[PDB]
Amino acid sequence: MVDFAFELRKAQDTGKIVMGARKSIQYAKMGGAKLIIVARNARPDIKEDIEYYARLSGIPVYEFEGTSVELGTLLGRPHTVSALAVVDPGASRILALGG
């Protein structure tokens, strides 16, 4: 099974990700990510904008089952992260979550 926590870290360390709602929306807009991940408690309008821009470009969106606190912690940050975009999956299987 594709293990979200492990593969996300592996993408972070061997590929390229960008963190936060601001950059995640930008990258969805420009068609410059391969997956957008949102925390379950991402702000409704931010979820909706991400889902919309990703749909325009054919970019899958995956909702992480935990909070932005948990997502931040997984990503090695002492702050919330409510969304991120995987630009390059590196050696990871993270894009399998896009279905």
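When you see a residue number, it is the position in the sequence shown, counting from 1.
In this entry, 18 to 26 shows the higher mean Cα temperature factor of the pair 18 to 26 and 80 to 88.
Highest C-alpha temperature factor among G58, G72, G66, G32, as the PDB entry reports it: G32.
In this PDB entry, the Cα temperature factor of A54 sits in the bottom third of its chain's modelled residues, the lowest group.
The entry lists a Cα temperature factor for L8 that places it in the middle third of the chain's modelled residues. In the PDB entry, a CA B factor belonging to the highest third of its chain's modelled residues is recorded for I46.
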